[PDB]
Structure formats: C-alpha cells, structure tokens
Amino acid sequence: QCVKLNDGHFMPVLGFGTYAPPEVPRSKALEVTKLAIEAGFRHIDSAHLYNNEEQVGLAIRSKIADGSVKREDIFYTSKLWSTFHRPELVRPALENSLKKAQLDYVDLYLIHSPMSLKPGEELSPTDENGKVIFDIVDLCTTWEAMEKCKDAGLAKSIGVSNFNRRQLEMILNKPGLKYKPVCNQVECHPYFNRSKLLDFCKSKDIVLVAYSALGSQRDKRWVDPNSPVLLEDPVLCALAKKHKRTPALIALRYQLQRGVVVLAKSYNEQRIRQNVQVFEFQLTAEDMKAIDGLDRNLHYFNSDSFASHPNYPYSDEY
C-alpha cells in the first residue's frame, strides 16, 4: 500500500491530514492522530504552519511506546513555511520542527508554497496597508538547502507543495541538481483534478499528493461559502450508492486509481476509520471517466491576497 519515490523511499498512498483551524483545541490533534494510527494510517501530514507538530509527534511517540508501531512504520511529513525560504533559514526551520515533534528525522520535508514571504517571527507578515509582505527568493537556492537537509539525514525525502509545472521545471533543470523533488503536494479533487499537472509529474517520476481531496474544511476565512460542496456532488453520491460506500470513499478511491497519493483529514473517530476502507473496493474504468468529467477548475483556496504574489502558481494553465 505504498508507492516507491524517485529516491527509493516508500510513501504510503493514504495519508492522514492533521490540520484543524485555531478554534480546535490543540489536544484534539494528539487524540485524533492516535486514532488515525490505531485505524491503520501510517502516513501523517503536518507542517510548521499548522501549530500542531508537538501534538502530532506526541501521538507518534505514544503509539511507539505502547507497541502499536515502530518509528520506521510511520511516514511523517512536515513543511517549510514561506517565511523561511532564504537558504540559511531552511535547516534551522527543520531542526525546530524536529524538536517540537521530538523526532530525529522527518520522512518528508516539503517547501510548503512557492510564495516566499518576508523573514521574521510573524507567519503572515503584513505591511502598514494590510498587504501580505512578499519576499523574492531564488527557490533553487532554497532547494539546495533542502538537499543538504537530506544529505544530513534530517529529511529522508524532500519535495514541494503548490508548485505549477514551470516552478517544478526550474528545480528539475537546475545545474548540479542532486535530488529531484519526490512529490508535489497540491489541491486535487474531482472539481479540480489537475490532470495535466499529474501527467507532467508522472513523466518525471514525481508523485502528485492530493490535498483537500474531500473538498476542504471550507473555512470561511479562506473558502467561498458559496462554492459547491464536493461531497454533495450528485455523481459522487450516485457512485456511492452504486458501490454501497460513501461520497468521501469514492473521492479517495478516485485518486488512488489514477496514481495519486491522497490525504484525508478527519477529527471524527468513525470517519477516520471509514477512510481506511478506501482499500476495500474498486471503481470501474467507466466510473473513473464519470468522475473525470466533474472538473470545474474550482480552487477551494482562492483569496485575492495571494493572486498578486509574483510566484502565485495558478496564473499558469497548469
């Protein structure tokens, strides 16, 4: 139930999403990450931005101590936040994430976004006029610093997130490149299926990792409340009744059968355990084509605050 990455490491194809909005007590991340491991998740996706690495790491430590899993059974991902793109800041950011999680290494470290931000303590630096303070960083130099983190064993694998094809190409074409990104973690669901980006990643042996694969948490601060609700889609719901599954399980299985590694966030014990049932059934080829037809080029995360960023990834076709 893993895919082999282009550096030889293995990534479980179903991953547990750990992000919850700040209104959710931090203790919940601890509790639900334990439930996810108990349910059978082995890939756990976190990030400096999520303000939960300490709790996610404590969950992993607890399930190692009670004998459920060994460290080597768990695939843990963290992400370099955009205020840390300048190369001298990369390794200290990873070391801080490892200290918080009380891990010796991450299995995967990602550049969280190509949209570099002003360095400093604030995660969302804002100027006097309320505008996001962007930074300008040659992301190939960020990548070179990521490579030294893998050389040092702090990250078993390195990859990117929210890159478009042109941004990936800049890394792949970098002189003296030592390590390809093993993955590109991007928004991917039936309303935004990234088929062209997927085909490019496949042609380069880069894994596409899907986030918001169940339609996002629809946080009113970042997602239009009027956007359609993915799991209410009539085609997904009819396929769910056909297969005696659920719309969420159809959406997750869709990604698995097109070669995409899929994340699924749930803080609900019953839904966490349901999501591992993605391995219990298959969609037909005709089912897959029906889901392919749902694409609406719908990005659930769509704030104008970032559309002006010079590295905004959605100004390109793919």
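Note that residue numbering begins at 1 and tracks the sequence as displayed. In this text, the rigid core denotes the largest set of C-alpha atoms whose superposition between the two forms falls within 1.5 Å.
Take 231-239 and 217-225, fit the other structures onto the shown form by the rigid core, and average the C-alpha distances in 8 other deposited structures of this protein: the farther stretch is 217-225. Look at the mean CA B-factor for 237-245 and for 98-106 in the entry; the higher one is 237-245.
The PDB entry reports B-factors from which the mean C-alpha value can be compared for 42-50 and 277-285; the larger average falls on 277-285. Between the residues 122, 187, 135, 147, the entry's highest C-alpha temperature factor is the one at 122. Note on the listed residues 56, 252, 65, 37: the highest Cα temperature factor in the record is that of 65.
Per the deposited record, the Cα B-factor of residue 221 falls in the highest third when ranked against the other modelled residues of its chain. Residue 19: CA B factor lies in the lowest third for its chain, per the PDB record.
In this PDB entry, residue 262 carries a Cα temperature factor that places it within the lowest third of its chain's modelled residues. Among all modelled residues in its chain, residue 116 ranks in the lowest third by Cα B-factor. Residue 142: CA B factor lies in the middle third for its chain, per the PDB record.
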